[PDB]
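Observations on the model geometry
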Amino acid sequence: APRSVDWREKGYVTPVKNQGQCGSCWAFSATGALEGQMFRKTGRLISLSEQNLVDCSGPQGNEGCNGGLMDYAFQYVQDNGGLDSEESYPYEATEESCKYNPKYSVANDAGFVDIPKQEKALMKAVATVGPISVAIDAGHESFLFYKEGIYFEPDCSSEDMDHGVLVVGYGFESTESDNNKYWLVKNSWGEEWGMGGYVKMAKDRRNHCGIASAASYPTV
Ligand SMILES: *[C@@H](O)[C@H](CC(C)C)NC(=O)[C@@H](NS(=O)(=O)c1ccc(F)cc1)C(C)C
């Protein structure tokens, strides 16, 4: 792979969003990955509806504000034949009945790819595909309070992830030979969290916080 990647600079990434007090992280992770792949296919970046996924993707296994998986969201888009735009189907931070309208669909996918569970494969996918949906262990106050720099939490688990986010690139701080490496991660807690809503997460430390444990992207 390249030494560093940032897909924001290539037009693949919408602004940071805010899931509110709803356990819909998986929906924001899924729309981010689909936004990236639809841009790769068409050259147009269009913000996608998390509310459409929250309300409508139960049949694929999601549970609205009580949690879900990005792969189940990619399966819904395939099954349904579409996903509405954010503008047409705005986010309400609470589960409601399904109001999908095909007139306003702006995305589709034909399934998904699960990445092998290690960071060299994750890096290859980020470099060759675009932004990648991942699950991490975010369940520490250090993550809530993160401000800047490379996040490393001694008690992070590589097995027990609870929060879905989006890898948009990677790189290094300091001189290269220090191996001060990070994943560039878009969160869905608003731009006041973190570094404008982003976090750099420890890279190449044996899958810190599980970032390579449940990584995937949609096939468009
Ligand atoms: C993010 O907002 C979600 C918060 C949970 C506590 C509702 N996290 C998830 O949906 C996670 N998916 S899951 O399948 O692991 C899960 C975990 C705990 C739950 F209570 C429900 C579902 C995340 C890994 C996407």
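Residues numbered from 1 in each chain as written, not as in the entry; some residues may be left out. Heavy atoms only, no water.

**Description of the packing of helix α1 (residues 25-42) against helix α3 (residues 70-80)**
- Axis separation between α1 and α3 bottoms out at 8 Å; the angle between their running directions is 60°. One way to sum up the angle between α1 and α3 is to call them oblique. Read as a crossing pair, α1 and α3 show a hand that is right-handed. Residues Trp26, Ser29, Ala30, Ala33 and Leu34 of α1 form the contact with α3, whose participating residues are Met70, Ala73, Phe74 and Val77.
- Within the contact of α1 with α3, the residues separate by chemical class into eight nonpolar, one polar and no charged. (Axes fitted to C-alpha atoms, helices over the stretch in contact; angles between N-to-C directions. Helix = DSSP H or I, 4+ residues; strand = E, 2+ residues; numbered from the N terminus. Parallel < 35°, antiparallel > 145°, perpendicular 65-115°, else oblique. Left-handed = near helix turned anticlockwise from the far one by under 90°. Contact = heavy atoms within 4.5 Å. Nonpolar A, V, L, I, M, F, W, Y, C, P; charged D, E, K, R; others polar.)

**Regarding the UniProt feature "disulfide bond" in the protein chain**
- In this structure the UniProt-annotated cystine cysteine 56-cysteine 98 is intact, with an S-S distance of 2.1 Å. Here the residue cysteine 56 occupies a position in helix α2 (residues 50-56), and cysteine 98 occupies one in the loop between β2 (83-84) and β3 (105-107), the gap between them amounting to 42 residues.
- Here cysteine 56 falls in the buried class, since its relative accessible area comes to 8%.
- Taking relative accessible area as the criterion, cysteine 98 reaches 44% and is therefore assigned partly exposed.
- Between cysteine 156 and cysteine 209, where UniProt places a disulfide bridge, the two sulfur atoms sit 2.0 Å from each other, close enough for the bridge to exist in this structure. Of the two residues, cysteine 156 sits in the loop between β6 (150-151) and β7 (163-173) while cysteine 209 sits in the loop between β9 (198-202) and β10 (216-218), which places them 53 residues apart along the sequence.
- Relative accessible area serves as the criterion here: at 1%, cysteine 209 is assigned to the buried category. (Disulfide = S-S within 2.5 Å. UniProt positions renumbered as here; feature names shortened; annotations may be inferred. Buried < 20%, exposed > 50% of the residue type's maximum accessible area, 1.4 Å probe, protein only.)

**Notes on the site of the ligand**
- Surveying the vicinity of the ligand reveals 13 residues, the closest of which are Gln19, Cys25, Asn66, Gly68 and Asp162.
- Between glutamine 19 and the ligand, the recorded distance is 3.2 Å, taken from a side-chain N or O atom to an oxygen atom.
- Backbone polar atom of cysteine 25 to an oxygen atom of the ligand: 3.1 Å apart, as the coordinates give it.
- In isolation the ligand offers 520 Å² of accessible surface; the protein chains occlude 63% of this area.
- Taken together, the residues of the shell around the ligand sort by class into four nonpolar, eight polar and one charged. (Near = heavy atom within 4 Å. Polar contact = N/O pair within 3.5 Å; in protein donor to acceptor, adjacent residues only side chain to side chain. Areas by Shrake-Rupley, 256 points an atom, 1.4 Å probe, with all protein chains shown as cover.)

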